[PDB]
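Some notes on the structure that comes next.
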Amino acid sequence: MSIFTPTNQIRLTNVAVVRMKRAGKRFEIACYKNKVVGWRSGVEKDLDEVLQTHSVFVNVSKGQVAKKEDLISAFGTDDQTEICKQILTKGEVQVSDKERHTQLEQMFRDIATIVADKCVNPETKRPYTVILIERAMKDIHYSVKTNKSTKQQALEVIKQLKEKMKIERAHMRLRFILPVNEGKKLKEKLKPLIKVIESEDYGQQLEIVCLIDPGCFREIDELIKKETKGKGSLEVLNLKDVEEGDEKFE
């Protein structure tokens, strides 16, 4: 009984176990910590993957399964799968420190990337560093929501960050017209530099390509572009950072 050895009676996988209290009785299900967290967060996940065990258990730690009768008398349905989803969204998932640390580092890294690659600061539009955004986030006692989407957290972080460092997001479209020859040097440069869209070139003629970049990459762009064009090509602006996305004056 005791001891628990995966080489005699039961193996007991290391799957994620979620528990939920309802009707007085406690239920548990074997699911994936990654699929469960992403599912509850609001990600269209499949039960065939998030649920390792398509059956409402009771004592997964020991290997005790529930009953269909009690399942319907406790939740009002026999669909063990449905009940599992409920516990996955309402119940609590049991994960080790590693499972929590891994998700934290990943989430933190993403936020720092989007803020460092898709955001600037009120200082000569100098792109901030991931280490800078991370430090400030921690210094301001900021706790990421691993049980939610990063996008939604962007507002909370970008707003709170204002206290330490004013961080804002801004996009912009670029348009460059290079000659026949000079166009061969610029194009190859813009390609890797950033997203290249609306590219039109003629046989032994000038090429007209537009470059899309945030309010941080614009620096490296204008730099390399100007140095690559050498007052030989033309550059027109497409979009401009202006408050006209959702609200104009309200």
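If you're wondering about the labels, chains in the structure tokens are A, B, ... by order shown, residues count from 1 in each chain, ligands from 1 in order shown.
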
For residue 129 of chain A, please output as an MDAnalysis selection string all residues within 9 Å (counting only C-alpha atoms; exclusion window: fewer than 6 positions along the same chain). chainID A and resid 112:113 115:117

Residue set, segment 22-248 of chain A restricted to strand (DSSP E or B), as number ranges by chain: A: 22, 25-31, 51, 57-59, 64-65, 92-94, 120, 168, 171-178, 195-201, 207-214, 234-237

If I take atom CA of residue 38 of chain A and atom CA of residue 13 of chain A, how far is one from the other in Å, to one decimal?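 Between these atoms lies a distance of 20.7 Å.
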
Contact check, segment 113-198 of chain A to segment 210-228 of chain A, at most 12 Å, counting only C-alpha atoms, closest pairs as JSON lines:
{"residue": "A:114", "atom": "CA", "partner": "A:214", "partner_atom": "CA", "distance": 10.6}
{"residue": "A:115", "atom": "CA", "partner": "A:216", "partner_atom": "CA", "distance": 10.0}
{"residue": "A:116", "atom": "CA", "partner": "A:216", "partner_atom": "CA", "distance": 8.2}
{"residue": "A:117", "atom": "CA", "partner": "A:216", "partner_atom": "CA", "distance": 6.9}
{"residue": "A:118", "atom": "CA", "partner": "A:214", "partner_atom": "CA", "distance": 6.0}
{"residue": "A:119", "atom": "CA", "partner": "A:216", "partner_atom": "CA", "distance": 6.4}
{"residue": "A:120", "atom": "CA", "partner": "A:216", "partner_atom": "CA", "distance": 5.7}
{"residue": "A:121", "atom": "CA", "partner": "A:216", "partner_atom": "CA", "distance": 8.9}
{"residue": "A:122", "atom": "CA", "partner": "A:215", "partner_atom": "CA", "distance": 11.2}
{"residue": "A:123", "atom": "CA", "partner": "A:216", "partner_atom": "CA", "distance": 11.1}
{"residue": "A:124", "atom": "CA", "partner": "A:219", "partner_atom": "CA", "distance": 9.7}
{"residue": "A:125", "atom": "CA", "partner": "A:216", "partner_atom": "CA", "distance": 6.3}
{"residue": "A:126", "atom": "CA", "partner": "A:216", "partner_atom": "CA", "distance": 6.7}
{"residue": "A:127", "atom": "CA", "partner": "A:216", "partner_atom": "CA", "distance": 5.1}
{"residue": "A:128", "atom": "CA", "partner": "A:216", "partner_atom": "CA", "distance": 8.5}
{"residue": "A:129", "atom": "CA", "partner": "A:216", "partner_atom": "CA", "distance": 11.0}
{"residue": "A:167", "atom": "CA", "partner": "A:215", "partner_atom": "CA", "distance": 11.3}
{"residue": "A:168", "atom": "CA", "partner": "A:215", "partner_atom": "CA", "distance": 9.1}
{"residue": "A:169", "atom": "CA", "partner": "A:215", "partner_atom": "CA", "distance": 7.2}
{"residue": "A:170", "atom": "CA", "partner": "A:215", "partner_atom": "CA", "distance": 5.1}
{"residue": "A:171", "atom": "CA", "partner": "A:214", "partner_atom": "CA", "distance": 4.1}
{"residue": "A:172", "atom": "CA", "partner": "A:213", "partner_atom": "CA", "distance": 5.7}
{"residue": "A:173", "atom": "CA", "partner": "A:212", "partner_atom": "CA", "distance": 4.5}
{"residue": "A:174", "atom": "CA", "partner": "A:211", "partner_atom": "CA", "distance": 4.5}
{"residue": "A:175", "atom": "CA", "partner": "A:210", "partner_atom": "CA", "distance": 3.9}
{"residue": "A:176", "atom": "CA", "partner": "A:210", "partner_atom": "CA", "distance": 5.7}
{"residue": "A:177", "atom": "CA", "partner": "A:210", "partner_atom": "CA", "distance": 8.3}
{"residue": "A:178", "atom": "CA", "partner": "A:228", "partner_atom": "CA", "distance": 9.7}
{"residue": "A:179", "atom": "CA", "partner": "A:228", "partner_atom": "CA", "distance": 11.7}
{"residue": "A:181", "atom": "CA", "partner": "A:228", "partner_atom": "CA", "distance": 11.5}
{"residue": "A:182", "atom": "CA", "partner": "A:228", "partner_atom": "CA", "distance": 7.8}
{"residue": "A:183", "atom": "CA", "partner": "A:228", "partner_atom": "CA", "distance": 9.2}
{"residue": "A:184", "atom": "CA", "partner": "A:228", "partner_atom": "CA", "distance": 10.2}
{"residue": "A:185", "atom": "CA", "partner": "A:228", "partner_atom": "CA", "distance": 7.0}
{"residue": "A:186", "atom": "CA", "partner": "A:228", "partner_atom": "CA", "distance": 5.9}
{"residue": "A:187", "atom": "CA", "partner": "A:225", "partner_atom": "CA", "distance": 9.6}
{"residue": "A:188", "atom": "CA", "partner": "A:228", "partner_atom": "CA", "distance": 10.4}
{"residue": "A:189", "atom": "CA", "partner": "A:224", "partner_atom": "CA", "distance": 7.8}
{"residue": "A:190", "atom": "CA", "partner": "A:211", "partner_atom": "CA", "distance": 7.2}
{"residue": "A:191", "atom": "CA", "partner": "A:211", "partner_atom": "CA", "distance": 8.8}
{"residue": "A:192", "atom": "CA", "partner": "A:211", "partner_atom": "CA", "distance": 10.9}
{"residue": "A:193", "atom": "CA", "partner": "A:221", "partner_atom": "CA", "distance": 7.4}
{"residue": "A:194", "atom": "CA", "partner": "A:213", "partner_atom": "CA", "distance": 6.6}
{"residue": "A:195", "atom": "CA", "partner": "A:212", "partner_atom": "CA", "distance": 5.5}
{"residue": "A:196", "atom": "CA", "partner": "A:211", "partner_atom": "CA", "distance": 4.9}
{"residue": "A:197", "atom": "CA", "partner": "A:210", "partner_atom": "CA", "distance": 5.4}
{"residue": "A:198", "atom": "CA", "partner": "A:210", "partner_atom": "CA", "distance": 5.5}

Selection file, N, CA and C atoms, as a CSV table (one decimal), in the first residue's frame:
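Contents of again21.csv, as written:
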chain,number,residue,atom,x,y,z
A,114,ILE,N,8.0,41.8,-26.2
A,114,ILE,CA,7.0,42.6,-26.8
A,114,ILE,C,7.2,44.1,-26.4
A,115,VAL,N,7.6,44.3,-25.2
A,115,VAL,CA,7.9,45.6,-24.7
A,115,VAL,C,9.2,46.2,-25.2
A,116,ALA,N,10.1,45.3,-25.4
A,116,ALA,CA,11.5,45.7,-25.9
A,116,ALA,C,11.5,45.8,-27.4
A,117,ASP,N,10.7,45.0,-28.1
A,117,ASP,CA,10.7,45.0,-29.5
A,117,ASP,C,9.4,45.7,-30.1
A,118,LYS,N,8.4,45.8,-29.3
A,118,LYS,CA,7.2,46.5,-29.7
A,118,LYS,C,6.8,47.6,-28.7
A,119,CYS,N,7.7,48.5,-28.4
A,119,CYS,CA,7.5,49.6,-27.4
A,119,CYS,C,8.7,50.4,-27.3
A,120,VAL,N,8.5,51.7,-26.9
A,120,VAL,CA,9.6,52.6,-26.7
A,120,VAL,C,9.4,53.4,-25.4
A,121,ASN,N,10.4,54.3,-25.1
A,121,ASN,CA,10.3,55.1,-23.9
A,121,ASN,C,10.6,56.6,-24.2
A,122,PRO,N,10.1,57.5,-23.4
A,122,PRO,CA,10.2,58.9,-23.6
A,122,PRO,C,11.7,59.4,-23.4
A,123,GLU,N,12.6,58.9,-24.3
A,123,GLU,CA,14.0,59.2,-24.2
A,123,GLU,C,14.7,59.0,-25.6
A,124,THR,N,14.4,59.9,-26.5
A,124,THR,CA,15.0,59.8,-27.9
A,124,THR,C,14.6,58.6,-28.6
A,125,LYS,N,13.4,58.1,-28.2
A,125,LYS,CA,12.9,56.8,-28.8
A,125,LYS,C,13.9,55.7,-28.7
A,126,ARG,N,14.7,55.7,-27.7
A,126,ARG,CA,15.7,54.7,-27.5
A,126,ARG,C,15.0,53.4,-27.0
A,127,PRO,N,15.1,52.3,-27.8
A,127,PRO,CA,14.5,51.0,-27.5
A,127,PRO,C,15.1,50.4,-26.2
A,128,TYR,N,14.2,50.1,-25.3
A,128,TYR,CA,14.6,49.5,-24.0
A,128,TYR,C,15.0,48.1,-24.2
A,129,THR,N,15.7,47.6,-23.1
A,129,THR,CA,16.2,46.2,-23.1
A,129,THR,C,15.3,45.3,-22.3
A,167,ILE,N,6.3,53.6,-20.7
A,167,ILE,CA,6.4,52.7,-21.9
A,167,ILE,C,5.1,52.7,-22.7
A,168,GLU,N,5.3,53.0,-24.0
A,168,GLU,CA,4.2,53.0,-24.9
A,168,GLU,C,4.5,52.3,-26.2
A,169,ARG,N,3.4,51.8,-26.9
A,169,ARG,CA,3.5,51.1,-28.1
A,169,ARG,C,3.1,51.9,-29.3
A,170,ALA,N,3.9,51.9,-30.4
A,170,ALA,CA,3.6,52.7,-31.6
A,170,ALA,C,4.1,52.0,-32.8
A,171,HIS,N,3.3,52.0,-33.9
A,171,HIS,CA,3.7,51.4,-35.2
A,171,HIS,C,3.9,52.4,-36.2
A,172,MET,N,4.4,52.0,-37.4
A,172,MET,CA,4.6,52.9,-38.5
A,172,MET,C,5.0,52.2,-39.8
A,173,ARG,N,4.4,52.7,-40.9
A,173,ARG,CA,4.7,52.1,-42.2
A,173,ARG,C,5.7,52.9,-43.0
A,174,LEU,N,6.6,52.3,-43.7
A,174,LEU,CA,7.6,53.0,-44.4
A,174,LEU,C,7.6,52.7,-45.9
A,175,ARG,N,8.0,53.6,-46.8
A,175,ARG,CA,8.0,53.5,-48.2
A,175,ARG,C,9.3,54.0,-48.8
A,176,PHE,N,10.0,53.1,-49.5
A,176,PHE,CA,11.3,53.5,-50.0
A,176,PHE,C,11.4,53.2,-51.5
A,177,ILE,N,11.9,54.1,-52.3
A,177,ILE,CA,12.0,54.0,-53.7
A,177,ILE,C,13.5,54.0,-54.1
A,178,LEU,N,14.1,52.9,-54.4
A,178,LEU,CA,15.5,52.8,-54.8
A,178,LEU,C,15.7,52.7,-56.3
A,179,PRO,N,16.8,53.2,-56.8
A,179,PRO,CA,17.1,53.1,-58.3
A,179,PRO,C,17.2,51.7,-58.7
A,181,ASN,N,20.2,50.0,-59.6
A,181,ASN,CA,21.3,49.4,-59.0
A,181,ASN,C,21.2,49.5,-57.5
A,182,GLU,N,21.1,50.7,-57.0
A,182,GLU,CA,21.1,51.0,-55.5
A,182,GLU,C,19.9,50.1,-54.9
A,183,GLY,N,18.9,49.8,-55.7
A,183,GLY,CA,17.8,49.0,-55.1
A,183,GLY,C,18.2,47.6,-54.8
A,184,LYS,N,19.3,47.1,-55.4
A,184,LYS,CA,19.7,45.8,-55.1
A,184,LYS,C,20.4,45.7,-53.7
A,185,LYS,N,21.0,46.8,-53.3
A,185,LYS,CA,21.7,46.9,-52.0
A,185,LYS,C,20.7,47.1,-50.9
A,186,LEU,N,19.8,48.0,-51.1
A,186,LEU,CA,18.8,48.3,-50.0
A,186,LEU,C,17.9,47.1,-49.8
A,187,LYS,N,17.2,46.7,-50.8
A,187,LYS,CA,16.2,45.5,-50.7
A,187,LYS,C,16.8,44.4,-49.8
A,188,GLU,N,18.0,44.0,-50.1
A,188,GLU,CA,18.6,42.9,-49.4
A,188,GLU,C,18.8,43.3,-47.9
A,189,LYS,N,19.0,44.6,-47.7
A,189,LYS,CA,19.2,45.1,-46.3
A,189,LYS,C,17.9,45.2,-45.5
A,190,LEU,N,16.8,45.6,-46.2
A,190,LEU,CA,15.5,45.7,-45.6
A,190,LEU,C,14.9,44.4,-45.3
A,191,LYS,N,15.1,43.4,-46.2
A,191,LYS,CA,14.6,42.1,-46.0
A,191,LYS,C,14.8,41.5,-44.6
A,192,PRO,N,16.1,41.4,-44.2
A,192,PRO,CA,16.4,40.9,-42.9
A,192,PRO,C,16.1,41.9,-41.7
A,193,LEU,N,16.3,43.2,-42.1
A,193,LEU,CA,16.1,44.2,-41.1
A,193,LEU,C,14.7,44.1,-40.4
A,194,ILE,N,13.7,44.1,-41.2
A,194,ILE,CA,12.3,44.0,-40.7
A,194,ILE,C,11.3,43.5,-41.8
A,195,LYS,N,10.0,43.5,-41.4
A,195,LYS,CA,9.0,43.1,-42.4
A,195,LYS,C,9.0,44.0,-43.6
A,196,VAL,N,9.1,43.3,-44.8
A,196,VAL,CA,9.1,44.0,-46.1
A,196,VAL,C,7.8,43.7,-46.8
A,197,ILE,N,7.1,44.7,-47.1
A,197,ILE,CA,5.8,44.5,-47.8
A,197,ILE,C,5.7,45.5,-49.0
A,198,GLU,N,4.8,45.2,-49.9
A,198,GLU,CA,4.5,46.1,-51.1
A,198,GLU,C,5.8,46.3,-51.8

Alpha helix (DSSP H) positions in segment 32-248 of chain A, given as an MDAnalysis selection string: chainID A and resid 33:41 47:50 68:75 80:89 97:117 130:139 150:164 182:193 218:229

Choose the residue, out of A:33, A:100, A:231, A:151, that has the smallest atom-to-atom separation from residue 88 of chain A; count only C-alpha atoms.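 Closest to residue 88 of chain A, using only C-alpha atoms: A:33.
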